[PDB]
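Novice: Output the structure for:
(chains A and B, ligands or ions: 4)
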Amino acid sequence: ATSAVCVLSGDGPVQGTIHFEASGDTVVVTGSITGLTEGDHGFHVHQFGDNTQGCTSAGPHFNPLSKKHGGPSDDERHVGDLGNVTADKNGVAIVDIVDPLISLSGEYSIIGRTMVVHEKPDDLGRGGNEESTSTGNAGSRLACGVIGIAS
Amino acid sequence: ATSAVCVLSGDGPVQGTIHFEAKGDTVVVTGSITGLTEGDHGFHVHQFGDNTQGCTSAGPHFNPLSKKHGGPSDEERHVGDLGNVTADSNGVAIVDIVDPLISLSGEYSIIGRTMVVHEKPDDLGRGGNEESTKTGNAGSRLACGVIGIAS
Ligand SMILES: [Cu+2]
Ligand SMILES: [Cu+2]
Ligand SMILES: [Cu+2]
Ligand SMILES: [Zn+2]
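Specialist: Numbering: from 1, shown residues only, chains lettered A, B, ... in the order given. Ligands and ions are numbered 1, 2, ... in the order given. Below is the structure in question.
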């Protein structure tokens, strides 16, 4: 696949559409998320594209290299660690990310996995407790969707 | 992947959970769908895993080999053609299908694509009209979901 899309939904007001495109040797992530509280929100690819129990069944962060959680610019990060998205005063977050670890094909493919937007800011693995090294203390999953092949 | 899952949702009361498991050179499809009218309902893999416009944005049947529509046992069929599921008097359809053309990996992978349950029976390409060889005359899309990787 060269293009993918994800519609985020949850039990609250948070909604959004995220587009993925393979450009050259990298992946470009764009889109927008609405209904968020102003501020930073963790934004990650979780391992499973299973929404049988809402976003809970998406599992932990996608992590084929078995590393600890970090920010997108770190060497020590999960493949799914895309950092934070920032919502304005109106609750809108514009997504504009380029990432060197995710892919749309092969071992690092995120097709069929779940994009999640979280309640709190991701501390990028620097919070100092065990939880920071797993999830960045980003908290609950406000909305999520399975990443599918797009035209 | 060797296992996948799909949660079917729509604008009406139809919902369901479908599981997929690679076994030998086949995929075993199991699960249940509820809220259906009694009788047969077309059941297909559509090409795109795009839910931006509900089930409509899923596109046509998955058809990488450019064939006409058929039933699952026909040589001339779409890869996505899984025939019909049957709902009982209480609106419950039990899914139990073994298919050799769909796959969870490689060229015919259905991960990231959409499963759709239709309003009418699939005529399996033997309807006598032109629509029969395209969609089986299965009509409306009652519910759909993107096929994701499962644990
Ligand atoms: Cu997360
Ligand atoms: Cu169909
Ligand atoms: Cu077909
Ligand atoms: Zn992580």
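
Novice: Strands of chain A, start to end?
Specialist: A:3-8, A:15-23, A:26-34, A:39-46, A:52-55, A:81-87, A:93-99, A:114-118, A:141-146, A:148-149 (DSSP state E).

Novice: Which one of those strands lies nearest to ligand 3?
Specialist: Closest approach to ligand 3 among the strands of chain A is made by strand A:148-149 (17.3 Å; CB to the ion). Bear in mind the C-beta positions are built from the backbone N, C-alpha and C, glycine included.

Novice: List the contacts of that closest one.
Specialist: In this structure, residues lying in contact with strand A:148-149 by CB atoms under 8 Å, 6 or more residues apart in numbering or on different chains are A:1, A:3-6, A:111-112, B:47-51, B:112-114, B:146-147.

Novice: Now, of those, which are buried?
Specialist: A:1, A:4-6, A:111-112, B:47-51, B:112-114, B:146-147 (16 or more other CB atoms under 10 Å in any protein chain shown).

Novice: quick one, what contacts the nearest residue to residue A:105 once chain neighbours are set aside?
Specialist: Nearest-residue entry for residue A:105: residue A:1, 6.3 Å, with adjacent residues in sequence omitted and distances by CB to CB, 6 or more residues apart in numbering or on different chains. The contact partners of residue A:1, by CB under 8 Å, 6+ apart, come to A:22, A:104-105, A:111, A:149-150, B:112.

Novice: Next: residue A:102.
Specialist: A:20, A:27, A:29, A:45, A:79-80, A:82, A:108, A:110.

Novice: And residue A:85, by the same measure?
Specialist: Contacts of residue A:85 (CB under 8 Å, 6+ apart): A:33, A:40-41, A:43, A:93-95, A:117.

Novice: Let me have those residues in a markdown table, adding neighbour count and distance to residue B:72 as columns.
Specialist: Shown next, in a markdown table, are these (neighbours: other CB atoms under 10 Å in any protein chain shown; distance: CB to CB, whole Å):
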| residue | neighbour count | distance to residue B:72 |
| --- | --- | --- |
| A:33 | 24 | 40 |
| A:40 | 19 | 49 |
| A:41 | 26 | 44 |
| A:43 | 27 | 40 |
| A:93 | 23 | 44 |
| A:94 | 12 | 44 |
| A:95 | 19 | 40 |
| A:117 | 29 | 38 |
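
Novice: Return the member of those residues nearest to residue A:141.
Specialist: For the contacts of residue A:85, the minimum distance to residue A:141 (CB to CB) is 7.6 Å, reached by residue A:117.

Novice: Thought residue A:37 was touching that closest one, still the case?
Specialist: No. Using CB atoms under 8 Å, residue A:117 makes no contact with residue A:37, being 11.3 Å away.

Novice: If we ignore the residues flanking it in sequence, what's nearest residue A:140?
Specialist: Nearest in space to residue A:140, with sequence neighbours left out and distances taken as CB to CB, 6+ apart, is residue A:119 at 4.5 Å.
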